[PDB]
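Summary of structural features
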Amino acid sequence: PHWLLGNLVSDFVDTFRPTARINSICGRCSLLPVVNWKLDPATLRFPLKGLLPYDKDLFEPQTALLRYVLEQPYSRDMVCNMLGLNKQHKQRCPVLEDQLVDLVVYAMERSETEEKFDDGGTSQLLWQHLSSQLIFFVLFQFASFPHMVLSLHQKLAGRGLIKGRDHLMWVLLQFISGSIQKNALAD
Amino acid sequence: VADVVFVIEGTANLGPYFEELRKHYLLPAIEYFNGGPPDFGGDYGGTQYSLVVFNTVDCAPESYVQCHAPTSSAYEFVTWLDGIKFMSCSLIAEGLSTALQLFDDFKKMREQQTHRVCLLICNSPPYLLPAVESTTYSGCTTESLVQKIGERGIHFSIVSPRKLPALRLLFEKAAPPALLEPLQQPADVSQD
Amino acid sequence: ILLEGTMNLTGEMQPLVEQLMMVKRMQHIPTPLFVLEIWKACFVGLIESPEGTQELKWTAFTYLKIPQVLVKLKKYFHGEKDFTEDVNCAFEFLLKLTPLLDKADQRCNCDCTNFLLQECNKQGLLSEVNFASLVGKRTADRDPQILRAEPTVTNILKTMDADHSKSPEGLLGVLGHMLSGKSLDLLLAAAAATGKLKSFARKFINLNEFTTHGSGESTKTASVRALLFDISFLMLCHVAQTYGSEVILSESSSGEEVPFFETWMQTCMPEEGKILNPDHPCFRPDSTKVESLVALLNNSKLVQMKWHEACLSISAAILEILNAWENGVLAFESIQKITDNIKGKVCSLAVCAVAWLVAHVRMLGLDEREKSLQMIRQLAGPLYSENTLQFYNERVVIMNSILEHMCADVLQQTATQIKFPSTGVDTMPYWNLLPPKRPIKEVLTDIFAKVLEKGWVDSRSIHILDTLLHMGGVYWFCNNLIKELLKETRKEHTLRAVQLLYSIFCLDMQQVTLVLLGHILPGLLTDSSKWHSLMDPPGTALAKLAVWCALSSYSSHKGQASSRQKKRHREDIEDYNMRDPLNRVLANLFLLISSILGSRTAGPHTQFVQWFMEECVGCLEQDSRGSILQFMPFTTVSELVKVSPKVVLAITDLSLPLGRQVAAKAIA
Amino acid sequence: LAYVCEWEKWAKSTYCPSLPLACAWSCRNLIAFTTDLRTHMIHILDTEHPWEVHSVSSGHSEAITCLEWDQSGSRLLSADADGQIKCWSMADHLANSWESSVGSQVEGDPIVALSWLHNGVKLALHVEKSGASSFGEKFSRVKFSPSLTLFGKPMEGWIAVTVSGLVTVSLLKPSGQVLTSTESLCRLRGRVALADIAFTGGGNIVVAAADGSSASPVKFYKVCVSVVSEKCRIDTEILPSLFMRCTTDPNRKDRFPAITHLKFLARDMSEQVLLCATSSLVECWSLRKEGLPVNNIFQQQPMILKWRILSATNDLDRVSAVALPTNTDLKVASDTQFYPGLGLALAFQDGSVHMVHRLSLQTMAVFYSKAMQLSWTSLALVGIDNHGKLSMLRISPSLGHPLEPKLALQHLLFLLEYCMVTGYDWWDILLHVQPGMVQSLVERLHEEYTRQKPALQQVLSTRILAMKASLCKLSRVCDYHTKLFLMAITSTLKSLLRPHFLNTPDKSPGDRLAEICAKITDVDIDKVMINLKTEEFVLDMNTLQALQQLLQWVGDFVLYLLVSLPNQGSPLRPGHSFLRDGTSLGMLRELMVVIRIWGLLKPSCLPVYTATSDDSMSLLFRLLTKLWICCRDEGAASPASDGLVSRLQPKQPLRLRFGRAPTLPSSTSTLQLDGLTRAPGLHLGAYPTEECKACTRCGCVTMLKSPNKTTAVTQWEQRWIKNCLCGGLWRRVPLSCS
């Protein structure tokens, strides 16, 4: 706030911090075993406490929440009760899309951690359907497709997406096969 | 197929004339050598081509050449068409030696031979009368011509403007078939 | 306390009490909460960071810090709650948080009995009249809830090693020192209690020097003497590799003598020390240089226990590495000769090996032939299958291996993965631990973002920051730290972060604070960008840190951290009591204070110096000392009237006649 | 003595303790002035009229270092590397307008400039002596390949290693601005505080130094830059380490050096110097291959890089920048020639600069009364030594200390020819002997232009004309200077007008035909036009481009040439001009006949500009040819032509431009300037009373508008975007119309 006023407003919000803290719960690690409300944001910010709570642990979006949500099938209901409602007219590609790109970016490590010991166990045998349903979530979200290109930019950082070329090609093929005819060619 | 090479020199002489030169001669370089008006994947198979640009040695403090077109994916060349630089003789031989060494490197490592052809473009009647005091080449423009045509079977060509330079007479040393007799008033030929 | 314990557990007789008094009186000073904080400190460590001998150092530091706070309570204050009932409610508050002792038991496995034992030991001079009852009542909660706990054995061996022998007589018990060295290195823990560290090291070095005595006559007698001297030399080398700074300090603290400390001090250190390898060690002992190697290859006689050229054996190793790789006279026959040369009681062998590792890392390094050669060659793997007169081919061998591992560690790190010849239990806990493929722009997240919520110093981060400072520069250090600090916008977090920032500055506090002030504060009040930056309420505690570090700097606190001793070499006029650096530093501070008070422009820096003057409420202070030499600031005090009892206090600079006059002026 | 600069509303910021400063430029426009007076912006100014100072705000803090790569506009912009290489070329070279070359340096201080373009040039002067070498045996050229010589294409960038970190610098930008960052923390561990050496024999860059005399490891990391595309996989080959000799010296071990720099040739030179307070020990080391003397020490790969010492020197000194930045060869037995090479300079922060010849360190001049470097091989320096709020001054630049006029002029001509062949700006005039010998100099120039050319002068004439002009500038013969300037402008005008022959295909070319047009009839150009040809000369219906710009210009020039003839007894031995060439007059005749053809085609011809065209250029051309037969070749000047030209018609205007440059004769005589506040006292016309447009200032006379309001005259604009003849000094003089 304005540099004219002294430390009075700072001490004010300080001495009222315990009031909001009385309404705090915890660090909000994760609460989402749903297979179908609480823990449901609107745009990167779920809470409602009108006072001034503590640092970004309550301000920053619960990215871990989205990461844990997208790791399971039938996750459509989560984002649906969150933001999915007439997506063809409302879901104009919010920022959360890039989030799953990070998930796809994590897919790189799925092929970078010794390629899961060169497909030692069922790691890839599960990641296949994981990325399958991940691309399945892409229904009205291909807008700002350069995010995937930014993913390529994100793939340039470290350049650990070498072995992931096959899997990334596979998921992009699922995507394009799902949207081959009706979609525009240049897109 | 899809093999070309550009060498622009007439900056000060064909500054404004370059637009008409492109509209009349540079269009078939893509319309014929490709499907039509050009975003495509870029590979090293040989379908790609090169483009070299050279300036006047006089209006240049220390820099000589700025050649940049290894592959260009057949579209990046279309990107930097208007991205040329401007600057009386020109001494273009030092720039023709650049294309010489470039096609030498091509034949050395990029040999999968698609007999890549090369075309020169000038507006001033240049001549590097001093053929000495250079870096890695000590030949004249006629020696370079007979080396790039006679010794190397690379198809050489020079597209002159409506005027009559001396290269139209220097063409007589083009031993390989260049097909530079008829002028490209119709769509340009792959061998000018 | 965390930083001090993690940096120098020795050579801390009583500067830490001075810094404690400083931070106490120059802050809110609740004695009960004070001892609560210090106890939470001495117990928050020892559990999370250490894994091996670092835990021994931790418990030794705790049991040295408790007499420190004891004598603090004895000498500091007397006349109001004389450290009797405050200690009672302190230990009660301690007993309140049971998970503390729960984690203590999870770590030490005997924290109940060891806790009671350390309590009754500290009660040697602490108060226990009506106090042990509450401790027992608390400890009775874990009745359900063990070969030998470390705290009790340290407390027991404390006096046993203090009055160890007190008489290094001739032909003393070699078996006694043998049993002392074969067991756990509790002597390091005893020296860490600072009770005899310097004195113990001095007597040890004296015994080591006496055990040379040139040569001997009897075969078995000279053999035993050489074995004992080599064991003692290796023990001294271990004491150096553990801390060194205090060891090398006590080696040449005072006196008038010149023994062979070069081979004992200039062997290795956390620095290069290798450019001088052609200068100092490369002597010319042409007599018996290679003849000693031939005699060692033959006899694996060794009766000549003149281990003075033993450090000079780098000269023989010259021709060794020559005929081995340079001249190529032998491939492994020379290796066999060197192996026979490093047979039992091979003490300086590790020294020459580290010296030649330094010579090779100073060499091309791209060859790496001699590097891996000396690595696999000087390895203590072979447990002396032959009749090597070592007698401790297991304990002494493992200690020699861990010594060679400790030194030249980062040197071998320069090459690829070394053969790893140590094969111990736990390696060095502290290390570089820096992401190579990552810039230094990391303290914001890996350090500052954590401590933003982490109300401690996180000893891992302690060593990380310590290594980061001497690897960079204090200027950009403080500049980056302050720049990242000016985004809190939460006064509680601001105060937390600024207190931690003052904390980290230790071991370099004087020069760090001086450069910080003299570089930021002029810029912090002269540029519009810095104006808008310091325009935040977080900026209030910046001057709080300023006055807090200024007094500690003006105090006669040496703080000679050997980790930063070699780095403290500058030259600056500071663009100007006496002609002292901190003196004219504070003088320039006063000048900038007056200038920021300049009229015709009321910027946020005006409020900044206003908060600074508000924070000048302190005791035994030096802010605007007002000395009779050239101290002008007092006049600027009149301008502060434009901004009261605080004026009456600040004007009270030195109770001078002119001081009284300006005090009266301000009084109206 | 002179060269008085100052500052208007700045100071030393007494509240601020200090700040290290720097400035360096290889080509012209030397000044950078990394200094925070009263952090702050960056400065730019040329050696000519330095008072016209320019500056531009930076995009960082504390402004650690900055350095250029080529003669073109490029700076470094350290402190996290924001504002890297970006040419300006917009209106002039006095406005940064930095492009997006921002290297991804997070919390770093990049201090290094690399990605070199070509092979250097040597100085085989004494082995040549300019006898008959024809500039070949004098300026040798080593044949090797610089780094990243990928694609024979020297890509440009700044792949380096910063000062704060020890990892890498990236974002080399050949036409694409590719970041291509990497990670190599100089063998996975280290700290540094020194600057970088440019390059070794092969393609490598090696530098490391951390603490000083106490801790003195000098590590080195051989590197290979260009391996893969779209990425950098720089290597970290450990090289032998080094130190400072002072560590073993029992005199004092408290040195702690802070410079440890060395020249660009990492062959045998290592110039680590001590930086005590309290001491100054300079040291030249060895970099050659050697072998260890490991033999005879017992019964009984030798090549080991043991970088030993070569020489040392113990004195007192504080700071310095460079010793001799261009470079001569070896086996130099030319002690008789005292060229400015193989030297060194030290600076006293509280004092002056001492220059001493290296490898002997015997004695030299003292130069009595935040480091300063040299301009070029010539003895030229700048006074950025800041004892507070101090500007820059000048000192004795005399490279040749003994008195030897013949040898002095020999060295002068050698350095001038080296500058010309390098295509650099020439500023050795500050070392000139008394201006009377200047003639002899330009005399030798003509020999160098003709005798030992041998045929290169065909392309060097344009540059050497302005060269010798600016040479005779600082000399009583300024009329010769402006005459040479007019010769230059007319020559380039003719050379740009000639290629306009867009003729139909004929038996010969228009160039050689217009050249042979000189061998034509005596008079009546209206007959010469039908003698040669009149049809194939039209090229555009919108030919109305030279009338308002060039036709009046050439007409005024030729008319002044006419009226100059009766001015034989002028206050000058050659008066205003010579008119003794004829060849230039032949070009003028070609111009007048072609514009006659133009008037026949386009009625927007060149009038007589006053009245009474009864056209009138006929008698003009007649008298020009009359003096032509007196000025073709091997002929003297005539008396009838005198009477014919003496009288004047009602068609004779005046007030010609005479494109020239303002003077700067401040050798040791006089300079009326300060740090700022220039006190006031064109080719395509556009020279009104007071400028009301962009009016892009230039080197000598142009000051032409930036847009020029052109429609098809773009040939001139596209021709003068780069430097001009005596027109590399493209200034941004404001439109302070009055």
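Residues numbered from 1 in each chain as written, not as in the entry; some residues may be left out. Chains lettered and ligands numbered in written order. Part of a larger assembly, values for the part shown. Heavy atoms only, no water. Residues with missing side-chain atoms left out of burial classes, pairs and counts.

In its metadata, the entry names cryo-EM as the structure determination method and reports 4.68 Å as the resolution.

What follows is about the interface of chain C and chain A. How big an interface is tends to be stated in terms of the accessible area lost upon association of its parts. Taken together, the contact between chain C and chain A spans ten residues of the former and 13 residues of the latter. Considering every element that reaches the side of chain C that touches chain A, the biggest residue donor is helix α26 (residues 491-504) of chain C, with three residues. Considering only residue class, the side of chain C that touches chain A consists of four nonpolar, three polar and three charged. (Contact = heavy atoms within 4.5 Å. Helix = DSSP H or I, 4+ residues; strand = E, 2+ residues; numbered from the N terminus. Nonpolar A, V, L, I, M, F, W, Y, C, P; charged D, E, K, R; others polar.)

Right, let's get into the arrangement of the chains. Counting contacts across all three pairs of chains found in contact, the highest total belongs to chains C and D. Between chain A and chain B there is no contact, and the shortest C-alpha to C-alpha distance separating them is 9 Å. A minimum C-alpha distance of 31 Å separates chain B and chain C, which share no contact.

Turning next to the pattern of salt bridges. For C:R564, the salt bridge identified is with C:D466, shortest N-O distance 2.4 Å. In this pair, C:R564 sits in helix α30 (residues 562-565) while C:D466 sits in helix α24 (residues 459-471), placing the two residues 98 residues apart along the sequence. (Salt bridge = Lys/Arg side-chain N within 4 Å of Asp/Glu carboxyl O.)

Let us now look at the interface of chain C and chain D. The interface of chain C with chain D comprises 37 residues on the first partner and 29 residues on the second. Looking at the side of chain C that touches chain D, the elements that each hand over two or more residues are α17 (314-326), α24, α25 (474-485), α27 (509-524) and α31 (581-596) of chain C. Considering every element that reaches the side of chain C that touches chain D, the biggest residue donor is α17(C), with five residues. Residues belonging to the side of chain C that touches chain D are distributed by class as follows: 17 nonpolar, twelve polar and eight charged.

With 5.3 Å between their ring centres and 55° between their planes, C:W39 and C:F43 make a pair best called tilted. Of this pair, C:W39 and C:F43 both sit in helix α3 (residues 31-44), four residues apart, roughly one helical turn. Relative to C:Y392, the ring of C:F391 lies with its centre 6.3 Å away and its plane at 75°, an arrangement referred to as edge-to-face. Taken together through their ring pairs, the aromatic side chains of B:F6, B:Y49 and B:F77 make up a single cluster. Above the plane of the ring of D:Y3 lies D:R394, whose end atom (NZ or CZ) is 4.4 Å from the centre. (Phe/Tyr/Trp six-rings, centres within 6.5 Å; stacked < 30°, edge-to-face > 60°. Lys NZ or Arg CZ within 6 Å of the ring centre and 35° of its normal.)

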